[PDB]
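Undergrad:
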DNA sequence: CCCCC
């Protein structure tokens, strides 16, 4: 989930892009570890070993995804930010 | 401070750790109170600075050359100065600076493109990011510049640059531009740009050779010589006025970087300037040109892997040769579907076993041949998607000069020069030819670019053009006219004037034959004729001869 | 997504088929300028692929990949100037086609005299040379999206099911 | 470099073709052992397969390789006995062909009378059984090279070009 | 692997 969208790529998994893009969201002492690529690789290895269960994506048949947010079809309230995270 | 050192609270926690004992001014300390306020330490244990039970005086902090020095206040002979440096990953700062200079971009296809030496470059299997990283170190603070001389440091800062780029971009979006290897030439204003002024137009595919304004001039011996060559190639005669205008217009279309709607063929006999035109074009537009086989028109374009279209990507003019002459059986004809989809703005074709299906198409496809091509299918959709150039001049060696004058196809015969081939190998006519091409582009430079088909040149277009001017569909306008239509030979069914098979064929038997055109007639009949009964089968086609008559 | 008429003129499984394995999760791929069957030498449109292209699962793998199951969210619109013919017609093929006709005209002023004397069009209007470049620059992206939203509203039924229209097709006449 | 007759018997594009990708920059290559066309049963030699062997670049790729452009400095010469026959002879093929002829034979003593009285030989001599051993061990390598450079100095005009001589092909009489 | 079939 980088800048309000569920990107996924195969040749370049983006988990290191995410880790570098989430460092402003953690305690201020943590936010300087994530400037060294070796430590981001370590964090990614931990993450990858951490999540076991898989999920189902695009399970709601009536929402349009845009680059900046999901547009609800029934109501019409264009959801942005975290409120679009709920709909993968 | 300077914004690149360290987050303040990180340094504060660092000094709290170094004092190895709770500090009473932990909450009094601010950003301002730096080199004046004393720092009070309640030495519950011996001081870690000097291994004594306590200190006669507190400690004070100083900032110099990126270090926060620790020292005692007074006579610190039995004390030692400690320094903590404030350098927040020098390599991340350099990565940020290179990034903000806007020279590495992530494209929509997943390929990074870097700006080296006044031209956008990219390479899928061998990334060029570190070539740039080394190339640019001259434009950084004179302390950063020597960090990025060790290859491991360059690869670390490249890892950072490739983690910073999350958004993609779009390339080659200005069809009215011509790139080079040193700058982009603006066609609209006749002006050449370089440096940062060329960086904006993200023009990847370049002609591969530098531009020098010393050659893009109106007058030159090269100009007059190449003008004579072009005149001898396509004379400026009135009978060639349409052919010459078409040649000039179809030659400029390769410059514009958008999709083209019609195709142009260089039909012609041997030794008529076809090779000269192709090689002059190659010497002028350089790497924009590409050569590929004739399987595109003959073999299914989808098939499997096919680099013949994978290299069509962004090409602004592609030539193909050696059409497998069709008047004799043995070679698959030029496909109709293959030649219809060469005008969609994104032609479908995948590389040698790769998943990049979509390929952008700015190509003006030209193919050279000695014979009028024949289509397995001719349709209205094809009549709008074909053109042909004819050359009626000969460069002849003196040995065959006598036979040359006895040929009908050679309206003008000259002496072949062995200097043309070598001279166009060294590309002396390159820049003069670009100058005349730019002149022609300005000649037809209205904000719309469009190429129309040429149905008059093809001899295979006669019948489908003929029936348009000789046959009109039966309509309600002709219903109250069946009184005199019955005497002609038509029969009225469900308020439609139809024509039975034999009478229609014998009325056709005065316009075009049944031996040569028999396949055409039978195809038209079994594709267009309707049914009235098992006994009587007719077609709702009315000749204009009976309509015009009273 | 962009594709030609190969999907309607070949076997969809074949071997490695990235051209149909690419529509995984998409909802729009087109079929325009169909390969006219009026002459003998052009393959007709089958009835197995049409039967395949209506299920929640599609069988086919891409290049440089092994997975064969893609989720069908796709809508396809076919268009050609003629009425296509099919090699095989039965009950199954009935529910998998809908057809709409337009008879609207625009052409350059030099072709107006030949424009007004033909029965292939229903109304006489002139050609606009600016709309092509305007839609080339997405001048109608958000607006047409607004229109699409309004049209989704006009049929926003809790259940949505596409339907066929066999009465337009002349193959189904008999 | 040497190669088979697959150059003159099929299409060089197809799939991978190292028989054509290995011609890159070589200055001499031949093709022999032709499928004689006096008896039907083989596809006639492609006439384009002469046109593609004249353009300063040829098309073909190695196995598992991407590059498609190929450089062509080569001299290609055909060595056979029977007059060639082409599927379609036009203005393209006539200038891309010239015939050189051998009017000498060398024979073993056993069959001396057979060749000595043949209308295709203006001379018959003995066959040497020592040339092959000497020539395989590069005896005349530098002597032959010197003779070749002298011949080059014979015709080193500003542009090396070869003139076709169509007077020998019997198919061009019509 | 692409190729082969």
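Protein chains in written order, with our numbering: chain W, 8 to 95; chain L, -17 to 532; chain P, 14 to 187; chain Z, 14 to 187.
For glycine and all other residues, C-beta sits at the position ideal for the given N, C-alpha and C.
Taking residue 247 of chain L as part of the beta strand (DSSP E), name the residues at either end of that continuous run.
TA: Its beta strand (DSSP E) spans residues 246 to 249.
Undergrad: Quick one: which chain Z residues come within Cβ less than 9 Å of residue 303 of chain L?
TA: Residues of chain Z passing the Cβ test: 61, 64, 65, 68.
Undergrad: Please determine, among L:131, L:140, L:174, L:181, the residue with the shortest C-alpha to C-alpha distance to residue 80 of chain L.
TA: The option with the nearest alpha carbon to residue 80 of chain L is L:140.
Undergrad: Looking at C-alpha atoms only, which residue of P:86, P:23, P:91 is the closest neighbour of residue 112 of chain P?
TA: It is P:91.
Undergrad: Taking beta-carbon pairs under 8 Å, can you tell me which members of the segment 29 to 46 of chain W lie near chain L?
TA: Answer set for the segment 29 to 46 of chain W: 35, 36, 38, 39, 42, 43, 44.
Undergrad: How is residue 6 of chain W classed by DSSP in three states: helix, strand or coil?
TA: Because chain W in this structure spans residues 8 to 95, residue 6 of chain W falls outside the shown range and cannot be described.
Undergrad: On the three-pair Cβ rule with 8 Å, is the segment 128 to 138 of chain L touching the segment 164 to 176 of chain L?
TA: No, because fewer than three Cβ pairs between the segment 128 to 138 of chain L and the segment 164 to 176 of chain L fall closer than 8 Å, the two stretches do not touch.
Undergrad: Going by beta carbon distance, what residues of the same chain come within less than 8 Å of residue 528 of chain L, once the five residues before and after it are set aside?
TA: Excluding residues within five positions, the ones whose Cβ falls inside 8 Å are 466, 467, 470, 472.
Undergrad: Given residue 85 of chain W, which residues of its chain have a CB within under 6 Å of its CB, disregarding the five upstream and five downstream residues?
TA: For residue 85 of chain W, where only same-chain residues beyond five positions count, the Cβ hits under 6 Å are 76, 78.
Undergrad: Which residues does DSSP pair with residue 49 of chain L in a beta bridge?
TA: The partner list for residue 49 of chain L (beta bridge, DSSP) reads L:46, L:67.
Undergrad: Spatial neighbours of residue 177 of chain Z within its chain, please: CB distance less than 8 Å, with the 5 preceding and 5 following residues excluded, ordered by chain position.
TA: 107, 108, 109, 110, 111, listed in sequence order.
Undergrad: Tell me, please, whether the CB atom of residue 340 of chain L is closer than 7 Å to any CB atom in chain W?
TA: Chain W contact via Cβ: absent.
Undergrad: Can you tell me which of the three DSSP states residue 422 of chain L falls into?
TA: Helix.
Undergrad: Please classify residue 127 of chain L: does DSSP put it in a helix, a strand, or coil?
TA: Coil.
Undergrad: In this structure, does DSSP put residue 397 of chain L in helix, strand or coil?
TA: The answer is strand: DSSP assigns residue 397 of chain L an E or B state.
Undergrad: Assuming the contact rule is C-beta atoms closer than 8 Å, residue 147 of chain L and residue 158 of chain L should be a hit. Round their C-beta distance to whole Å, please.
TA: Wrong, their Cβ atoms sit about 28 Å apart, outside the cutoff.
Undergrad: Comparing alpha-carbon positions, which option in L:17, L:36, L:223 lies nearest residue 25 of chain L?
TA: Out of L:17, L:36, L:223, L:36 has the C-alpha closest to the C-alpha of residue 25 of chain L.
Undergrad: Return the residue from the list L:182, L:186, L:281 that minimises the CA-CA distance to residue 28 of chain Z.
TA: Measuring from the Cα of residue 28 of chain Z, the nearest candidate turns out to be L:281.
Undergrad: Using the Cα positions of residue 414 of chain L and residue 229 of chain L, report the straight-line distance between them to the nearest angstrom.
TA: Their Cα atoms are separated by approximately 17 Å.
Undergrad: In the DSSP assignment, the alpha helix (DSSP H) including residue 224 of chain L goes from what residue to what residue?
TA: 223 to 234 is the extent of the alpha helix (DSSP H) around residue 224 of chain L.
Undergrad: According to the Cβ coordinates, are residue 188 of chain L and residue 161 of chain L closer than 7 Å?
TA: Against a cut-off of 7 Å, the Cβ pair of residue 161 of chain L and residue 188 of chain L comes out as a contact.
Undergrad: Of all the options L:530, L:508, L:179, L:531, which has the alpha carbon lying nearest to the alpha carbon of residue 520 of chain L?
TA: Measuring from the Cα of residue 520 of chain L, the nearest candidate turns out to be L:508.
Undergrad: Counting only beta-carbon separations shorter than 7 Å, does residue 190 of chain L have a partner in chain Z?
TA: Not closer than 7 Å to any Cβ of chain Z, the Cβ of residue 190 of chain L fails to qualify, so no.
Undergrad: Helix, strand or coil for residue 279 of chain L, going by three-state DSSP, please let me know.
TA: Three-state result, residue 279 of chain L: helix.
Undergrad: So, for residue 30 of chain P: in the same chain, excluding its five sequence neighbours on each side, which residues have a beta-carbon less than 8 Å away from its beta-carbon?
TA: Cβ neighbours of residue 30 of chain P beyond the five flanking positions: 73, 74, 75.
Undergrad: Between residue 103 of chain Z and chain L, is any beta-carbon pair separated by less than 7 Å?
TA: With 7 Å as the cut-off, residue 103 of chain Z counts as an interface residue toward chain L.
Undergrad: According to DSSP, simplified to helix, strand and coil, what is residue -6 of chain L?
TA: Residue state, collapsed to three classes: helix.
Undergrad: Flag this pair as yes or no: are the beta carbons of residue -11 of chain L and residue 35 of chain W separated by less than 7 Å?
TA: It is a contact, given that the beta carbons lie within the stated cut-off.
Undergrad: Look up residue 97 of chain L in the DSSP assignment and give the residues it is bridged to.
TA: Per DSSP, L:102.
Undergrad: Over what stretch of residues does the alpha helix (DSSP H) that includes residue 213 of chain L continue unbroken?
TA: Its alpha helix (DSSP H) spans residues 203 to 215.
Undergrad: Hey, how far is the Cα of residue 484 of chain L from the Cα of residue 506 of chain L?
TA: Looking at the two C-alpha atoms, the distance is approximately 14 Å.
Undergrad: Could you check whether residue 118 of chain Z and residue 127 of chain Z sit closer than 7 Å to each other, using their CB atoms as the reference points?
TA: No. Outside cutoff.
Undergrad: Quick one: does residue 186 of chain P have its CB under 7 Å from some CB of chain L?
TA: Chain L contact via Cβ: absent.
Undergrad: Count the other C-beta atoms from every protein chain shown that fall within 10 angstroms of the C-beta of residue 102 of chain L, then say buried if there are 16 or more, exposed otherwise.
TA: Flag for residue 102 of chain L reads buried.
Undergrad: Nearest to residue 35 of chain Z by alpha carbon, out of Z:69, Z:184, Z:83?
TA: Nearest of Z:69, Z:184, Z:83 to residue 35 of chain Z, Cα basis: Z:83.
Undergrad: Give the interface partners of residue 150 of chain L over in chain W, defined as CB-CB distance under 7 Å, in chain order.
TA: Per Cβ cutoff of 7 Å: no residues; residue 150 of chain L is ~10 Å from chain W at best.
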